[PDB]
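Coordinate inspection notes
Spelled out, the chains give:
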Amino acid sequence: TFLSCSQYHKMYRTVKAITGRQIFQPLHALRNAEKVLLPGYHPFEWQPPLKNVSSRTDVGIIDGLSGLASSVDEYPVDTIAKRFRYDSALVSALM
Amino acid sequence: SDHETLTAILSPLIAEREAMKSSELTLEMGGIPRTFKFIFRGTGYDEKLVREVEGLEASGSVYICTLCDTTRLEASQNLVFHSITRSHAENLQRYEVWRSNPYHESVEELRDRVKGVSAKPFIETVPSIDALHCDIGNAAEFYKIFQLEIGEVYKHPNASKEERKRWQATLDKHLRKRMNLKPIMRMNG
Amino acid sequence: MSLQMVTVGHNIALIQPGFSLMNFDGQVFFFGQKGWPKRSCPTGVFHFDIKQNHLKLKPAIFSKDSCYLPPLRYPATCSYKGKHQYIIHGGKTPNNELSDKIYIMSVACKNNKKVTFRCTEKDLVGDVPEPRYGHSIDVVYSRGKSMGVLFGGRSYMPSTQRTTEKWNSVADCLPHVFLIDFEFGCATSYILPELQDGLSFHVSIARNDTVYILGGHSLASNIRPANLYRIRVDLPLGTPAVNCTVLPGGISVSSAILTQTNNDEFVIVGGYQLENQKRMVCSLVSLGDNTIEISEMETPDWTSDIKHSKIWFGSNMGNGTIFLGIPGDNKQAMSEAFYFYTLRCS
Ligand SMILES: [Zn+2]
């Protein structure tokens, strides 16, 4: 519905205040139920293990430039990029 | 089109994709663990992006098909008998042929020998056609043939570029009069 | 000390940081365009001539047996004057890979002032250096023979330690000194204990039996050292012998541009002093049979942009002519992609 995180608080607090019993959960229990659905929550393993790929299971949003060095001596860059890993995206997209 | 930046960002994803083509992902699916194996098809590219990262000459070339190797002066004579013979590894070895120049011949026949491959392709893609941009292109093409057939070019050719704006005006005025279709510059679906 | 603004042609956009200006008989050539070579010029190397501060990037053609080469973005280049030819090593092809080939570029024929290059691919056998960019190569003579000295620059991690969260991180290569034979394609490493830390984007001068290495950046501590080095090489009929020495009175610069203003006297222009401080001063070095000196010249006039910008780039054209470039403001009245300038010292 594309609400904000500040207008949801409006709707929640006045619904709870008017009808007494709360129907919408607060924001913190919403974000705690957000971390199940992103990448970087579940254990998984490859067989054989992946060459050149890290073996950790708990990385979400990484910088997309992949440590491309931005010093004045080198080639200039000004773009912004974000990404998941590929495997940890497929794991959460399957589960 | 910023090719260096685009390769700098899309290189680790192709590294990870080429890694996970010979592995099995074991992962629990409701209690017991299950095993997954993946098959990747890279298909959802439009014609410009599939022409750039697969390392071809641009869309206004003499070489038209991303799937086969025939010029546009060969298409108009044999209209439908072609095949599909542009893989990815074939294009990679044809770039290697262009870089090495092992037969010692000039650019005008080396380009014909490598069929217009002049860069190093770096994304494994399958050859296919789109469905959206194909339909929009056919739409604009016979809209242009409608604007052509108003002016009766089959009787006498090559009227100058002052008849044609009148032909466009009478076309979209008539079609807005009948169908209530507003004249739009950028054609949509 | 003669600055001038330069107007550009229509295909201005084919200038990226890290070109190379191959100078053949006064004629000037451009190498290292942006993007893979188009169909306007299928070779990727440009005839680059400037009349009345207006330059024209015209195409150039190759021979019948040349090796069509990728546009390298930061190679090492040297002027092997034995016919005249250039040597290109290393660099960074636009798929952000790194090469490890030797490209030998000479002139096949020049008719009607229209050149025709050739370029062959020499691949080293033996102790081949790992592929890198930003390094330096210099051809040096001794006792009727010639060898190509090579001092290393920065590169990728080796193929076992690359992780795809830090896939595009770079480290300085090991500070050995490579010696290269061109006629047979041989290489030889030399380890020597006076060179300790890795160095990149330094400046390398070659005076007839010895190479001077001045300035540079060191990524191990993110510092720009001031100490220069002198390297003396002699190849006898037996195995060649290399010696280093640390001489006093250097300077701290990185990615500087140095050219030959007179016979046996060189001049160096603005690289970088600190990571935010550009270097506006210029330094003249005087060579000799065995002794050099580095003094500071009269710090020429800069315009508002070159005093006000953040980065620059450029190279030399050959007759003591420095080509320079400037990014320029984006939040403006749609200012251009780059501004260009020409410095003369005569
Ligand atoms: Zn076809």
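By convention in this text, residue numbers begin from 1 on each chain and track the written sequence, not necessarily the entry numbering, and residues missing coordinates are not displayed. Here the convention is simple: chains get letters from A, ligands get numbers from 1, in the order in which they are written. Only some chains of a larger assembly appear here, and every value describes just that portion. Side-chain descriptors were evaluated using all non-hydrogen atoms of the structure, hydrogens and water having been removed beforehand. Residues with missing side-chain atoms are left out of burial classes, side-chain pairs and their counts.

In its metadata, the entry names cryo-EM as the structure determination method and reports 3.7 Å as the resolution.

This part is about helix α1 (residues 7–19) of chain A. Secondary structure elements are taken from DSSP: a helix is a run of H or I of four residues or more, a strand is a run of E of two residues or more, and numbering for both begins at the N terminus. For a helix, the expected span equals 1.5 Å multiplied by the number of residues minus one. When the terminal C-alpha atoms of α1(A) are compared, their 18 Å separation across 13 residues agrees well with the 18 Å that a helix rising 1.5 Å per residue should span. At the exit of α1(A) stands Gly20(A), carrying a positive phi of roughly 75°.

What follows deals with the coordination of the zinc ion. Coordination partners: N, O, S within 2.8 Å of the metal, 3.2 Å for Na, K and Ca; water not considered, so apparent gaps in a site are possible. Surrounding the zinc ion are the protein donor atoms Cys65(B) (SG) and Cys68(B) (SG), which sit 2.4 to 2.5 Å from the metal. Exposed residues in this analysis have more than 50% of their type's maximum accessible area, buried residues have under 20%, and partly exposed residues fall in between, with area computed by a 1.4 Å probe over protein chains only. Classification of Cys65(B) as partly exposed rests on a relative accessible area of 24%.

We call two residues in contact when some of their heavy atoms are within 4.5 Å. Listed by partner, the interface residues are 24 residues for chain C and 25 residues for chain B. Two parts placed together each lose some accessible area under a 1.4 Å probe, and the buried area is that loss summed for both. Both faces considered, chain C and chain B share a buried interface measuring about 2200 Å² in area, 50% of it formed by carbon and sulfur atoms. When a carboxyl oxygen of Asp or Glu is within 4 Å of a side-chain nitrogen of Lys or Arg, the pair counts as a salt bridge. Counting the contacts that link chain C with chain B gives four salt bridges. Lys34(C) serves as the salt-bridge partner of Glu4(B), at 2.5 Å between the closest nitrogen and oxygen. N or O atoms within 3.5 Å of each other form a polar contact, as long as, within protein, one can give a hydrogen and the other can take it, and as long as residues adjacent in sequence are counted only when both atoms are side-chain atoms. Counting the contacts that link chain C with chain B gives 14 residue pairs in polar contact. Amino acid classes used here: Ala, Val, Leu, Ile, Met, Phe, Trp, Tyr, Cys and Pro are nonpolar; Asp, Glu, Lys and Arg are charged; the rest, including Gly, are polar. Residues of the side of chain C that touches chain B, tallied by class, amount to nine nonpolar, seven polar and eight charged.

Here the structure, examined in full by the defined rule, presents 19 salt bridges over all chains. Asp58(A) serves as the salt-bridge partner of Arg56(A), at 2.7 Å between the closest nitrogen and oxygen. Across the pair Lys34(C) and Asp2(B) runs a salt bridge whose closest N-O atoms are separated by 2.8 Å. Here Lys34(C), found in the loop between β3 (27–31) and β4 (45–51), pairs with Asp2(B), found in the segment before α1 (3–19), and the two come from separate chains. The partly exposed category is assigned to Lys34(C), whose relative accessible area is 27%. Residue class for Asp2(B) comes out partly exposed when judged on its relative accessible area of 37%.

Points on a 1 Å grid, built from protein atoms alone, make a cavity when a 1.4 Å probe fits but cannot get out and make a pocket when they are open with protein on both sides within 12 Å along at least 5 of 7 lines; residues with an atom within 4 Å of a point are the lining residues. Grid points are joined across faces, edges and corners, and a volume is the space filled by probe spheres set on the points. In this structure, the largest cavity spans a volume of roughly 200 Å³. Contributing to the lining of the largest cavity are 17 residues, with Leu68(A), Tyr75(A), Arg73(C), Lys92(C) and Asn96(C) lying nearest its centre. The dominant element in the lining of the largest cavity, judged by the number of residues it contributes, is α1(B), at three residues. Partitioned by chemical class, the residues of the lining of the largest cavity number 10 nonpolar, three polar and four charged.

The subject of this paragraph is a nonpolar patch on the surface. Residues and elements named next belong to chain B. There is a patch of nonpolar side chains on the surface, built from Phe-142, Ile-145, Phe-146, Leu-148 and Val-153 and spanning about 420 Å² of accessible area. Summarising the element assignment, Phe-142 is placed in helix α6 (residues 132–150). A residue is classified by how much of its surface remains accessible, and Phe-142, at 44% relative accessible area, is partly exposed. Residues forming no salt bridge and having over 30% relative accessible area are the ones grouped into patches, like charges within 9 Å of each other and nonpolar side chains (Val, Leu, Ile, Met, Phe, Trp, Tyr) within 5 Å. Computed with the Shrake-Rupley method and a 1.4 Å probe, the accessible areas treat only the protein chains shown as cover for residues.

Glancing now at the side chain of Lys115(B). All names here are of chain B. Counting through the fold element by element, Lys-115 comes out in the loop between α5 (107–113) and α6. Residues scored as positive are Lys and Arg, those scored as negative are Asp and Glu, and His as well as the terminal groups of each chain are ignored. Here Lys-115 is buried and forms no salt bridge, its nearest opposite-charge partner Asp-112 lying at an N-O distance of 4.7 Å. Once you skip the residues sitting within four places of it in the chain, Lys-115 turns out to touch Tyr-63, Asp-69, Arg-86 and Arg-94.

With that settled, the discussion passes to helix α7 (residues 163–179) of chain B. For α7(B), spanning 17 residues, the distance from its first C-alpha to its last is 24 Å, which sits close to the expected 24 Å at 1.5 Å a residue. Taken from the residues just after α7(B), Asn180(B) is the one with a positive phi, measuring 55°.

Across the sheet, three strands lie side by side as β1(A)-β1(B)-β2(B); this open sheet has antiparallel pairing. The two strands at the open ends of the sheet, each matched to only one other strand, are β1 (45–47) of chain A together with β2 (33–36) of chain B. Pairs of neighbouring strands in the sheet enclose a mean axial angle of 30°, with direction left out of account. Note: two strands are recorded as paired if DSSP finds a minimum of 2 bridges between them. When strand β1 (residues 24–28) of chain B meets β2(B), the two strands line up antiparallel, connected through four bridges. Axis definition: a line fitted to C-alpha atoms, limited for helices to the stretch in contact. Angles are taken between N-to-C directions and run from 0 to 180 degrees.

Residues and elements named next belong to chain B. Two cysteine sulfurs form a disulfide in these notes if their separation is within 2.5 Å. Across all of its chains, the model carries zero disulfides over all chains by this definition. Between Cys-134, a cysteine without a disulfide, and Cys-65, which holds the nearest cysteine sulfur, the sulfur-to-sulfur distance is 12 Å. Classification of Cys-134 as partly exposed rests on a relative accessible area of 33%.

Turning to the packing of aromatic side chains, a few remarks are in order. All names here are of chain C. Two aromatic rings, drawn from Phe, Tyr or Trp (for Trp, its six-membered ring), form a pair once their centres lie within 6.5 Å of each other, and the interplanar angle then sorts them: stacked below 30 degrees, edge-to-face above 60, tilted otherwise. All chains considered together, the criterion is met by 24 aromatic pairs over all chains. Ring pairing ties together the aromatic residues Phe-19, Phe-30, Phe-46, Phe-48, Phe-313, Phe-323, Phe-338 and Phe-340, which thus form one cluster. Counting as a charge over the ring demands two things of the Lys NZ or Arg CZ atom: a distance within 6 Å of the ring centre and an angle within 35 degrees of the ring normal. The ring of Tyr-133 carries the charged tip of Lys-92 above its face, separated from the ring centre by 5.0 Å. Over the aromatic face of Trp-167 sits the side chain of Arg-162, whose NZ or CZ is 4.2 Å from the ring centroid.

Further remarks concern the pairing of strand β7 (residues 85–90) of chain C. As a general feature of sheets, a regular strand has side chains that alternate between the two faces. All names here are of chain C. Along β7, six of the six residues are buried, which leaves the element largely enclosed by surrounding structure. The pairing of strand β6 (residues 75–80) with β7 spans six bridges and is antiparallel. Its bridge partner being in β7, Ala-76 is matched across the sheet by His-89. Note that β7 and strand β8 (residues 102–107) share four bridges and pair antiparallel. When the bridges of β8 are listed, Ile-87 appears paired with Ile-104.

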